[PDB]
Each structure stands twice: as structure tokens, then as C-alpha cells.
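In what follows, a structure is listed as C-alpha cells, so that the remarks can point back to it.
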Ligand SMILES: *Cc1cc2c(cc1C)Nc1c([nH]c(=O)[nH]c1=O)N2C[C@H](O)[C@H](O)[C@H](O)COP(=O)(O)OP(=O)(O)OC[C@H]1O[C@@H](n2cnc3c(N)ncnc32)[C@H](O)[C@@H]1O
Ligand SMILES: *Cc1cc2c(cc1C)Nc1c([nH]c(=O)[nH]c1=O)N2C[C@H](O)[C@H](O)[C@H](O)COP(=O)(O)OP(=O)(O)OC[C@H]1O[C@@H](n2cnc3c(N)ncnc32)[C@H](O)[C@@H]1O
Ligand SMILES: *Cc1cc2c(cc1C)Nc1c([nH]c(=O)[nH]c1=O)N2C[C@H](O)[C@H](O)[C@H](O)COP(=O)(O)OP(=O)(O)OC[C@H]1O[C@@H](n2cnc3c(N)ncnc32)[C@H](O)[C@@H]1O
Ligand SMILES: OC[C@H]1O[C@@H](O)[C@H](O)[C@@H](F)[C@H]1O
Ligand SMILES: OC[C@H]1O[C@@H](O)[C@H](O)[C@@H](F)[C@H]1O
């Protein structure tokens, strides 16, 4: 560890890795600090799903996800357990216990919000969906010139797509995927377009997909090294960043205060530039601990010195979910091109098709896979092959259906895992709604209660706004119900429902971007630079100030990229 | 990867690693293959609990366990789902779905049995309890000489204990541990002895314990390296070992057939010596796939060629579990020595005690902790400090209480963890019963059905033997109820119950050891060598042939140590 | 038609439950494998608690039930009495 | 006739129940028959069902019916957790 770096980046998620790739790339002397530790194997911060065992036993990966999601804010528990033995110790009140947050109102929480503290951050477990926002979801990076704004977005997005290895081809040969995609297309012809979810992933084999992660962006190995002898990068894991120190004029950051979690030591690190990419919640906490915004319960009569909007206008998307069991009609359509004769399990049984026939509803590869499955597994009642990959279908946000949709099998399942109905039949439905930014919706931090890292406890004051937000949300529920009945009926146990506020984990706007601090009620400009401050930059979902439905990580990468352009224009790397 | 080595080891668990430590160190060119991958972080095969994040969020670790425990044998599901939509595809029969085993009788299963395919095996998640077996649980290593037998076992156990870094003082200054230890000691004074569970762990700081793992035994780093310039070791993860090739004469293994899961290729690796430490079930699978024992549903009418005892006489322990909520008396007794002034929360509150008074019921280290907790947390109604370690208490197996006890807090919780009752009040109780070895209790492998690695499906035919085993399992149950009541009443949601057979993962006897193949109905001798074969060695709990109550891993490591002496005497390493 | 039920409408479900007897219940095959080893334990799923061995669990009307009291099901019914239109009417 | 534990967290003044009942085509294959071996609680022949909702119209209307409840109910309110849209036991 040095005293002095060109850039210091807080957090090693896919956004801090975008800063590193770009800046380590341009020859800056870079350090990265993460509170969490390396635990994805030898590929530092790689996706935990990239092991043969997980992709053979995909129902188990939910436990990984759960094991690294720590709830942000848990109100104090008021369940009545009144069947204790009379000898057992009991309290006469519902006291603060098991780490609960007494500031938190149970009825205005994002009870589902959680954070992850591991190198690679949430990108070690995430679903890899990386859609672009269209104009209506997207921040303006140029006022008054929609084409120049368009041009700038597309250039950033294409570059961001290349860091993540985003593609829309990795599921093209799944029967199940094409079954669903084709029926949805047919049933909505013209009115909605369907496609593969764009995914940051590469297919290694029919049974294996290399899911992208922060490691894909930048491999997080220390440099110089044989492969980049001219580059300078050090990752320090198990290091909690506590505070940035402001100069008296509030125009410059002067140091980063850290705590080595293993040695217990505390340091002050000097850099030319300080980049904070610790998550939409922990960026906020870091700032507030450093005198930005306002510690404690919001009070308007006490107007904050720096960044009045910090932690206001927060957005989290609505989520509705269900699972369906494929219709008989759809399962029978899988074998539509086949001539089936005799009795399965007997030597006279056959199943054949006519290759090339233009009246075949399916291409030859489909019919070959069905034929083989049906002939080698005569004991199974379904035409679907056993290792068939899941669907990954989307119809993207449009003004007429202003929500995002994911139709397939997500590794993050919500209940006990059903065993009675065959998996091949089951389709997941997830519709994500956009939420209006409102000043009243807040993340703020206790001045008295602290977290497990002795930082100020985050606390939420949130309700989905009335008006458009609530109307679209129930219109979204209805849409899911309508659309999903095209594929089949609901799975008992996975009936249509809203999920817990924040389980979806696309929290935005906690440190939101705008052209004008005051006019646009915001904390960073369109270079992601904190207003006032020459050398402090925020990355991540916290920056997005608009109401969006799609998954945000791509877009936040795109912003980080344009942040790094600004850095390169204003700060000179130290000579190697 | 070479075509030839001196030794090849299958499986990177702690037995695998025991063989590696011995033979690498003695200069043999060794290669170890594991079907699972390095995930655990930069210390290969290290314990997953060893992160700052899991030791602050100890209730999350159950998610890591569940995440890498894959059920061995699931019978065909017969749950009725009769609220499907009538458009949905409906089964006419209870067909084979979701990887289930149609061979398995659901009424004679070890349904909680599971396996783990990661480098380091189950020692990446285990609880690290490492007691010795007493005579009554232990197999004889010397005939007709009880004291020679004890001496050899003491020699081996001492060595194993150094390898694992077993200790009995890691929890010596925990109030909870000592609170429970003292009450039990007193209530059974002169009748039973209570001590800390022997743990493979090293305490690093008051809030952090470095749990031991396979990594502790052997660091799995390829050699030579700087720390070891004349050793030769290579670890090949993501390689499925599928068969050991017997010579036609049945006296020698000629090669190991492997499947590299990443490239998809197959190879044949030669060695001088072959060691199987794939785990009790999978050592048995791999042998049965290579021609030992009998493939398919057992048939007396046809005799196995080789190792007719293979997969018979299997033992699994009964397990009874509950949780308790600490008595008012015991909680009150925690602050017995304190003098308290004023009223909590004001500048007037004072809590003090007198170091060394022999009115004091507790020591100084205890009172100082309570004091500091009560002064710094005056809102809190409990005098137990917040970061106080869990109890880790046992009374070891004896003739009048022939069961193992662990009392404290296990990471392997078996219901959703309640948040209503303060965690500091809860104590777990687990009593482990011994099971008589019987020929009829069996692990066998199907000749048609395969598992996800395309190996023969494992199937159990098991029932806890009537007579002593059943009588004791019920007596155990009762003792747990009687004992636990001295500490407090039951926690609702964790009432006294038997766990699902096999849930304890202490399976043994599947490839069991003895002096003679026939008289002792066994598969390996006391050098762990397979009868008939010069150069095939088995390690693990499957070797243990007796009825045991306590955690088997140290005993199985002991065996491997003895096995390595033989190997060292009877095979010469290739030149460097 | 008691004042007590009309003031505690939530409780009336129990009256209904009290008098609906299942017509045909298949033989149960739920696995309970956490019995004490000393407890008497089935080797098969045999005909238990008045179940019907003739009944295919997968081609049942499991919710079907009968009431045996004077007044029959009219002692508990919801009292909804619509006419059928032609489409539904013999 | 409520179907689970009566939830108590939500003011019952707010709660509206939706039930939509579909029609079923008569098919000779759908039968109630009686065992000549097994007998019920009063020593009469045990009733047994062989029943599946017919494919075709009965099925298509069932699922169209379920959508119509979703679509209609949403005019009045969102679903009450624990009483989400479901088909009930036949
Ligand atoms: C968990 C999850 C996440 C997402 C998906 C599903 C699941 C279950 N799927 C999904 C996601 N996003 C999408 O775009 N598409 C998908 O299909 N998920 C969200 C995605 O995972 C996140 O948006 C993305 O990682 C955010 O990137 P980031 O801004 O780089 O933030 P991270 O949270 O990943 O990591 C920040 C990081 O910093 C650390 N940290 C926290 N506090 C400190 C302090 N004080 N000092 C130093 N370091 C700090 C972390 O430990 C962490 O690594
Ligand atoms: C899961 C668990 C286990 C234990 C405790 C708690 C819980 C939650 N507690 C514990 C236990 N043991 C004790 O002695 N003390 C207690 O506190 N647990 C059990 C203990 O973990 C095991 O007994 C021990 O690891 C067994 O060691 P081993 O014989 O070396 O077995 P492993 O299962 O650890 O690893 C073998 C291994 O080989 C692989 N494998 C399997 N098949 C193949 C094939 N065909 N080719 C190559 N490799 C293969 C695996 O991937 C695995 O790593
Ligand atoms: C239980 C129930 C029933 C109805 C509603 C609510 C619920 C929970 N709601 C509903 C009703 N139908 C409507 O049209 N609209 C509504 O809002 N329910 C159904 C209605 O309750 C029935 O259709 C009606 O009672 C049928 O009348 P029934 O043809 O007269 O038949 P019952 O079952 O009422 O009475 C028959 C009766 O005969 C007896 N019995 C049975 N076996 C024997 C033998 N072997 N010997 C002599 N007597 C026998 C009974 O004990 C009973 O009293
Ligand atoms: O709850 C799971 C969901 O969580 C969001 O973060 C993801 O973007 C979706 F892909 C989906 O996996
Ligand atoms: O089921 C929980 C138990 O699991 C066994 O494998 C362990 O040996 C016990 F220490 C305890 O952790």
C-alpha cells in the first residue's frame, strides 16, 4: 500500500471496474478498495454461476444470492411469540434486537433492499440482463439536440456493450425459448415485438454459458504484470472506506479515510481523483458520513450545506411475478412435425420427421432434438429435451406498455422450490415498472444508530407515488396476467403478485445527475462530478434521475464511461 | 497435465489433502483431480466462513451450506397438484421428473443425504467439530492388544489433530459458552462431564475465528514453487474421475479414466498408486462403475466377483435437534456480581463490580465484559454483550449416555431463522446416536438411471435397525428434553424432533475396513488398501466399520495417515 | 340465522367445514420420515383413515363433499339463486 | 366460505371476494362409479370419480375466465396477498 495514487476508486463492482479499465488503460496510477473479499475463485470478481456444478444444479444458485444479500433496513420486530415456557426469559417490550433499525417505519420501507459486500459486488451473482434505455427512460446528456443526444448514447452504449460482452444470440437454439418467443410473437403480431433478453454472457457449450461480471470488464489483477507491464493497479480487499475529507471551501477532496478490516489499522489516502462506486446506498452513506447532505431524520428548518438533494428523489421499480405451466396445446405443438407410430416403450415404436419440408412448423435442429429425445427416452411423456436451455424472452419498454418484461427462468426464485410439476413446463414472468422521482421519497441515515461496520444506519421513507406510478403498476399486473395466459396457466405457489418493495434491487437516484444543481434537483453533473468539487466523482445507479423500468447497470456503465472521458481531459497521469 | 504420476488422488477434500500432505512432502509426484472447482477465494479449499462478512452475519452462512449440498437420492414425487388451470399440461402418472430416482423406496431412504462438489469438499462449509472416538466406537487397528491398540490410535489422532489445528480453548472467554457450561457441569456434577467441543479452528481476534479446512491440511498450491522448490503437486479442478481400470487378473489398477468438464475431453492417467477420497457415496460409485461390487438392484442369486461387502453395512446416525430460550434465572445470574446505580440512559447511571471479591460468582473477564456492555448499551435489557461468541459445549459419548452432544449455535439451521426472540438467548441442542452396522442396510447403484454427471444413480435401502439402535435413539430424544430444560424451555418453531435421515452427513461403512475380507465383511484392510489390489487405496468415512456417534472426520484422517505410512514404505518416488 | 354468526361472520366457515364430508379421498402417499425409530412405521402406503384405494388421485374431484343433516346443504349455503338462460338450460 | 386462515392485517371493510364459475361440457368419459368392494361410513358402496375437465371449449373458457377475473377485479383493487388468483380444487 502507497500513500499516493493518481485515482482511488471505492468499490469493485462492475461500475468501479469500468473506471479502472478506462483509467488503468490510459496509464493512471490506480488503487481500488473494497469492503468485501475475494471469493469467486482465481478469476477475481468473476460470476459465481460459472461453475459446472451450478449450471447442472441451477435451482441451488438462489442460496448463493441469498447468502450475499444483507437487508439494508429491518424494522423492529413486533411478532408476538406467546408460547414460550414460563421459565424462559422474556422482555416486556418490543426492544431493538437482532440488528433491527428503530428509526425505520415498517409501513414506508423498501423492506426488500439488500446489499452485497464482495469483490465484484452484485455482479458476482446477477442476471446479466443488459438492455438499453430508449429516450423516455434515459437521461439527457445533451439538451436541445435530440440527435446529438442520440449519438452520444449510442456510442457509449456500444462501448459498454463491448465491456460486458452483451449479445442476443446465446439462447437461440433452446426449444423452450423458441416455443415461448414464437407463440408470443404470433399472438401479438405487430403490436409488440419480442426478442431475446440482451445478456452479458458468452456460450461456451450447449450445457455451459460464461456469464459476465466485473471480471469481464477488468480482471482486477495487480499491475504491472506480464500481460500489462506498463499499467499500475492495486486492489485492496477487506478495506472499508469511511469518509472523504473536504477542503474548507468545499471545492476539493483532500483524502480518503479507510479502515483495514484485517489489521484494524486506519489510513488516509491521497489521490488526484476520488471515484465512488460503492452502490447506490453506500455511496450515499459514504457522502453523508463525510458532511454532504444531512445526517439524521430529515428536517427542512435545518437546510443542508452541501447537496440538498442527496438521498431524495429515490426510485425503485415495481415488480410483479408469477410462474406458468405450459399449455397442452403448446406442448403438443413441439412435436407437430413428427410422425409418431406405435406404443412408447415398445420395439415397434417410432418417431420421424421430414427434413426441409416448408410446411414443417420447426426447423430441422428442433425436430432432430425432439426426435432423439422421444426415441431414447421413451418413458418420458414430454417432447422437450432434458438439457434444453431456459427461455430468455423480452418485450422491451414502450410508451404503450411502459414496463420491462423478463420471461424465462431466473436464478433468484422466491419460495420453496416446487417439485411436483416438471421444470421443463415452467416459465417465469417478471414485469418491472418505472417509478416517478419525488422529493418525499428518501434514503437517510441515523445519527444515533449504526450498521455492522459502525457507519450511520440507512433508513427509507418511501411509498410508490400516486398517479401515474400506481396506475401503471396495476396496469402492469394486469398485463402480466393477460400475456402469461397465452402460454399457460399459473403455477400454484407462484400465483401473480407484487414482490416486496426493493427486492428487485434497481434502486436509483440517490445521487442523481442533472445539468443544474438547483433547477434539476441533483448531485452530480453529466460527467458524474459532484457539484462544487473539482475531483470527486460518483458512479452507478444512484446517478440515474429519470423513471426507468429496465435493468440499469448498462446505462450506469455508459455514464461511467463518459465520466472517464472528463477525467482524461482534466487530470494528467503521473509518469510511470 | 502429464500422462504419468507417482500418485493420483481423487477428491480434494480433507482426506485427499491428508494423503497429499504426506506424499508430496515425502517427494512423490502427485496429482489430485476434483470434479468441482476452486471457488472459495485465494486460499484454495479454505473455509467459506472465514470472511469478515460471514462472521458479522452469521445467520447467512446456512445459505452457503444449502447452496453446495446436492441430494444424493430423491424418490419420485407423488404430491397432487389439482389446481392447475385446465389449459395447462397435466401428468397422467407420477412420472420421473426433475432428476428424481424411480429406483428409490421413499420409505427406506436417507433423504437428507447430500454431496458437495467443490475443491476442498465439505470442509469448505463444515462445523469443524473433531472429537476422538473412544474404544467402544472405534475400529481395532491391532488384534488382541487393547493397550497397543489405544497407543496406535493415540499416535494417529495426535497427528490428525496437528494437521487440522484442533483445539479446546477457542471459546473459553464467551459468556454464553460459560453460562451454559457452568450450569450443565453443576446440574450433573459427578454424573457427566461437560467441555468445549474440540474444534478445528484458530481464534484470531475476539470477533474472528479462522476455521480449519482442507486448505489447513494442505494448501493445494501447485508445486514446485518458491515456498517448496523440490515438491511436485498439481491440482486439476473440473475433472470427473469416472473409472479405475482393473487388470484382467484383478490385482492392479492400470489407469484412471477422467473427463475434463471444461474442454469436454476424456483421458487415461497412469500412476503407481491410486487413492480414492471422493467421499463415502462417491468412492462407492466410482468403484461400482469400475467393476467392484454389484451394479443394480441387489441380487443374492448372482454373487459379486470383487468386494461383495461394498455398499453394505452402511451406517448413518440418528439426529435429534431443538432450540431453547435461556431461563430468567440464568440471564439474571449473568449480572449477579454488578453494583448498579442510577437509571439507564442518563448521566447518573453507573454499573460497577469488584475484581477478585469471592462473593463474585464469575471471573473478572466476564464482569468487565458485562460492565462495558451495560454502560455502553443502557437501552438494552440484556446483560449479554452483542458480539459474545456462541456456546460450543459437549458431553462426549459414554456407555451410560451413548450419544454425542453439541450444544450452542450451528450455522446449519433447519427452519427460517426467527427474528422475534433475541439471538443471544437461543441455544441449539443436537444429539447424535450410533447405528448398528447391518448387511441389509445398503447403498447401491442403478444400472439404467444416471446422475447429472452421467454416472450410475445412487440408491439407499435403509432403516435404523430395531433393537439397540432404536432404543437408544428414543432414549437420546428423552435425554435432550431433560437436559435442555435445565437451560430453558423450547423455542417455538424448533421443538424437539428427529431430523431427516441422513441430514447429519456422517455416513460411514460403505467401503469398510477390517482385518480379513470375509470374517469381517469388509473392503479395505487396515492400510486402507483394497483387498486383492496392490495399488488402490480408499480414504474417508466409508472406511469406518463400527457404530459411532461422534463426528467421523478426524478418525477418517487418522486412517489416511496410517494408510500413507504403508504407501511410503512400499512405493518409491520417481527421480525429480 | 343466529345473531352470533351475523356479528361474527368470519366464524361461519367452521360450521360449513363442520358438515362437509369428503366424497372420495385417495390413499395418501405423503412421506413422513422424521418418526422416532421406536415408533411403528409403515412399509407401504396402505389404506389409512378411511381413504379410497379405487381412486386415481389425478382424476378426482377432491373438493367434493356431502352434508348429512336435516335440511341438507341448505343449512349452510350462500343462498344465491339465479335463473339459467337458454344456453345453460335443458 | 373462506379458503385459508382469515387474514387480520387488512381492514375487512376493504376486502372484496371474486368468484367466477365456468361451465363444463358433459362427456360420457366423466363418471362417478361405486366400488363393489370398498364401502363408506354407513356400509354403502364407496363413491369414486374418474374426472378431467374436457379439452376444447371447457378448457379454453376456463382460462379465458381466469383472465376476465384478473382484468375485472383490477378495476376495483389489487389482489390481497394470500388470496391471489387461483383455480380451486375441483
Ligand atoms: C443481486 C442481484 C443483482 C442484480 C441481478 C439479480 C440479482 C439477484 N440482476 C440484474 C442486475 N442488474 C441488471 O442490470 N441486470 C441484471 O440482470 N442486478 C443489479 C446489478 O448487480 C447492480 O446494479 C450492479 O452490480 C451495480 O454496480 P455497482 O454500482 O458497481 O455496485 P455494486 O453494488 O455491484 O458494488 C459496489 C461495491 O462497493 C463495495 N462497498 C460498499 N461499501 C463500501 C465501502 N464503504 N468501502 C469500500 N467498498 C464498499 C462492495 O462491497 C461492492 O463490491
Ligand atoms: C456439510 C457439512 C459437513 C460437516 C459438518 C457440517 C456440515 C454442514 N460438520 C462436521 C463434519 N464432519 C466432522 O468431522 N465434523 C463436523 O463438524 N461434516 C462432514 C465433513 O465435512 C466430512 O466428513 C468431510 O469433509 C469428508 O471428507 P472427505 O472424505 O475428503 O470428503 P469430501 O466430501 O469433503 O470431499 C470429496 C470430494 O471429492 C469430490 N468428488 C466426488 N466425486 C468425484 C469424482 N468422481 N471425481 C473427482 N472428484 C470427485 C468432490 O468435488 C469433493 O470435493
Ligand atoms: C355447502 C354449500 C352449498 C351451496 C352453497 C354454499 C356451500 C358452502 N351455495 C350455493 C348453493 N347452491 C346454489 O344454488 N346457490 C348457492 O349460493 N350450494 C349448493 C346447494 O346447497 C345444493 O344444491 C342443495 O342443498 C342441494 O339440495 P338437495 O338436492 O335437496 O341435496 P342436499 O345435499 O341439500 O340434501 C340431501 C340430503 O339427503 C340426505 N341423504 C343423503 N344420503 C341419504 C341416504 N342414503 N338416505 C337418506 N337420506 C340421505 C342428507 O342428510 C341431506 O339432508
Ligand atoms: O428479483 C430478481 C430480479 O432482480 C433484478 O435485479 C434483476 O434485474 C432481474 F433480472 C431479476 O433477476
Ligand atoms: O446437521 C448439523 C450437524 O451437521 C453434522 O454434519 C456435524 O458434524 C455437526 F457438527 C452439526 O453441524
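Residue numbers (the entry's author numbering), protein chains in the order written: chain G, 43 to 618; chain S, 43 to 618; chain L, 92 to 181; chain R, 454 to 543. Note that CB positions come from ideal geometry on N, CA and C, so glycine has one too.
Buried or exposed (CB count within 10 angstroms, at least 16 for buried), residue 254(G): Sequence index remark: in the first chain, residue 254(G) carries index 212 (1-based). Residue 254(G) comes out buried.
Cα-Cα separation between residue 152(L) and residue 543(R), rounded to whole angstroms: Sequence index remark: in the third chain, residue 152(L) carries index 61 (1-based). Sequence index remark: in the fourth chain, residue 543(R) carries index 90 (1-based). Their Cα atoms are separated by approximately 5 Å.
Endpoints, alpha helix (DSSP H) assigned at residue 407(G): Taking the first residue of the first chain as 1, we reach residue 407(G) at position 365. Bounds of the alpha helix (DSSP H) holding residue 407(G) are 406–418.
N-terminal and C-terminal residue of the alpha helix (DSSP H) that residue 267(S) is part of: In the second chain, the residue the question calls residue 267(S) occupies position 225. No alpha helix (DSSP H) contains residue 267(S), which is instead part of the beta strand (DSSP E) from 265–267.
At least 3 beta-carbon pairs within less than 8 Å: the segment 453–465 of chain G vs the segment 123–143 of chain S: Yes, since at least three Cβ pairs between the segment 453–465 of chain G and the segment 123–143 of chain S fall closer than 8 Å, the two stretches touch.
Complete runs of the beta strand (DSSP E) confined to the segment 71–129 of chain S [at least 3 residues]: Runs of beta strand (DSSP E) with 3 or more residues, each lying fully within the segment 71–129 of chain S, are found at 71–76, listed in chain order.
Proximity winner among 520(S), 216(S) and 210(S), relative to residue 433(S) (alpha-carbon distances): In the second chain, the residue the question calls residue 433(S) occupies position 391. Of 520(S), 216(S) and 210(S), the residue nearest in Cα terms is 216(S).
Sequence-distant residues of the same chain with beta carbon closer than 8 Å to residue 106(L), five excluded per side: Counting from one through the third chain, the residue named residue 106(L) turns up at place 15. Once the five neighbours on either side are set aside, the close Cβ partners of residue 106(L) are 96 and 167.
Cβ neighbours of residue 619(G) in the same chain (closer than 7 Å, five flanking residues each side left out): What is shown of chain G runs 43 to 618, which leaves residue 619(G) out entirely.
Beta carbon proximity, residue 530(G) to chain S, threshold 9 Å: Mapped onto the first chain, residue 530(G) falls at position 488. Under the Cβ distance rule, residue 530(G) counts among the residues neighbouring chain S, one pair being separated by less than 9 Å.
For residue 231(S) and residue 396(S), the rounded distance between their alpha carbons: Translated into the one-based positions of the second chain, residue 396(S) becomes position 354. Translated into the one-based positions of the second chain, residue 231(S) becomes position 189. For residue 396(S) and residue 231(S), the distance between alpha carbons rounds to 28 Å.
Buried versus exposed call for residue 413(S) [16 or more other C-beta atoms within 10 Å across all chains shown]: As a first step, residue 413(S) is located in the second chain; it is residue number 371 there, counting from the start. So residue 413(S) counts as buried.
Alpha carbon of residue 347(S) to alpha carbon of residue 477(S), nearest angstrom: For this step, residue 347(S) is matched to residue 305 along the second chain. For this step, residue 477(S) is matched to residue 435 along the second chain. C-alpha separation (whole angstroms): 28 Å.
7 Å Cβ cut-off: residues of chain G touching residue 380(S): Residue numbering aside, residue 380(S) sits at position 338 when the second chain is read from its first letter. Residues of chain G whose Cβ lies closer than 7 Å to the Cβ of residue 380(S) do not exist, since the nearest Cβ in that chain is about 17 Å away.
Reduced DSSP secondary structure (H/G/I, E/B, other) of residue 61(G): For this step, residue 61(G) is matched to residue 19 along the first chain. When DSSP states are grouped into helix, strand and coil, residue 61(G) belongs to the helix group.
6 Å CB neighbourhood of residue 546(G) in its chain, flanking five on each side removed: As a first step, residue 546(G) must be located in the first chain, where it is residue number 504. So the qualifying residues of the chain are 359 and 361.
Interface residues of the segment 493–527 of chain G facing chain R [CB-CB below 7 Å]: Under the 7 Å Cβ criterion, the segment 493–527 of chain G contributes 516, 519, 520, 523, 524 and 527.
Buried or exposed (CB count within 10 angstroms, at least 16 for buried), residue 509(G): To locate residue 509(G), count along the first chain from 1; it is residue 467. So residue 509(G) counts as exposed.
Contact set between residue 103(S) and chain L, taken where Cβ atoms lie within less than 8 Å: By 1-based counting over the second chain, the position of residue 103(S) is 61. None at all; the shortest Cβ gap to chain L is about 24 Å.
Under 8 Å from the C-beta of residue 129(S): neighbouring residues of chain R: As a working mapping, residue 129(S) is identified with position 87 in the second chain. Here the neighbours are 512, 513, 515 and 516.
7 Å Cβ cut-off: residues of chain R touching residue 125(S): Within the second chain, numbered from 1, the residue matching residue 125(S) stands at position 83. Neighbours of residue 125(S) on chain R, chain order: 539, 540, 541 and 542.
Chain L residues whose Cβ lies nearer than 7 Å to that of residue 488(R): For the purposes of this step, residue 488(R) is taken as residue 35 along the fourth chain, with counting starting at 1. Contact of residue 488(R) with chain L by beta-carbon distance below 7 Å involves 145.
Rounded separation between residue 100(L) and residue 120(G) - CA only: Position 9 of the third chain, counted from the start, is the residue given in the question as residue 100(L). Position 78 of the first chain, counted from the start, is the residue given in the question as residue 120(G). Approximately 28 Å between the Cα atoms of the pair.
Test: residue 243(G) CB closer than 9 Å to a CB of chain S: As a working note, residue 243(G) is residue 201 in the first chain. So, not an interface residue.
Segment contact flag, the segment 519–526 of chain S with the segment 560–568 of chain S, C-beta cutoff 8 Å, min 3 pairs: In short, these stretches do not touch, since the Cβ pair count stays below three.
Three-state secondary structure (DSSP) of residue 211(S): Numbered from its first residue, the second chain carries residue 211(S) at position 169. Note: residue 211(S) maps to coil in three-state DSSP.
Minimum Cβ-Cβ distance from residue 158(L) to chain R less than 9 Å: The residue given as residue 158(L) occupies position 67 in the third chain. Residue 158(L) does not count as touching chain R.
Exposure label - residue 174(S); buried when at least 16 CB within 10 Å: The residue you call residue 174(S) lines up with position 132 of the second chain. Using a 10 angstroms sphere on the CB of residue 174(S), the tally of other CB atoms reaches 16 or more, which defines it as buried.
Neighbourhood of residue 210(S) by C-beta, 7 Å cutoff - its chain only, sequence neighbours within 5 removed: As a working mapping, residue 210(S) is identified with position 168 in the second chain. Excluding five sequence positions before and after residue 210(S), the CB atoms of its chain that fall closer than 7 Å to its own CB belong to 237, 238 and 240, given in chain order.
Chain G contact residues for residue 84(S), given Cβ-Cβ distances below 7 Å: Translated into the one-based positions of the second chain, residue 84(S) becomes position 42. Within chain G, 80 have C-beta atoms less than 7 Å from the C-beta of residue 84(S), given in sequence order.
Short CB-CB distance (under 9 Å) between residue 370(G) and chain R: As a position in the first chain, residue 370(G) is number 328, starting the count at 1. Yes, contact with chain R.
Chain R contact for residue 121(L) (CB, 9 Å cutoff): Against the third chain, residue 121(L) aligns to sequence position 30. Cβ-Cβ to chain R under 9 Å: no for residue 121(L).
Residue 160(L) CB to nearest heavy atom of ligand 3 below 8 Å: As a position in the third chain, residue 160(L) is number 69, starting the count at 1. Yes, the beta carbon of residue 160(L) sits closer than 8 Å to at least one heavy atom of ligand 3.
Opposing strand residues paired with residue 484(R) [DSSP bridges]: Counted from its first residue, the fourth chain places residue 484(R) at position 31. Per DSSP, 503(R).
Separation of residue 514(S) from residue 123(G), as counted between CA atoms: The sequence position of residue 123(G) within the first chain is 81, counting from 1. The sequence position of residue 514(S) within the second chain is 472, counting from 1. Residue 123(G) and residue 514(S): Cα-Cα distance of roughly 33 Å.
Any non-hydrogen atom of ligand 4 within 8 Å of residue 112(G) CB: Working through the first chain from its first residue, we reach residue 112(G) at position 70. No, Cβ of residue 112(G) sits at least 8 Å from all heavy atoms of ligand 4.
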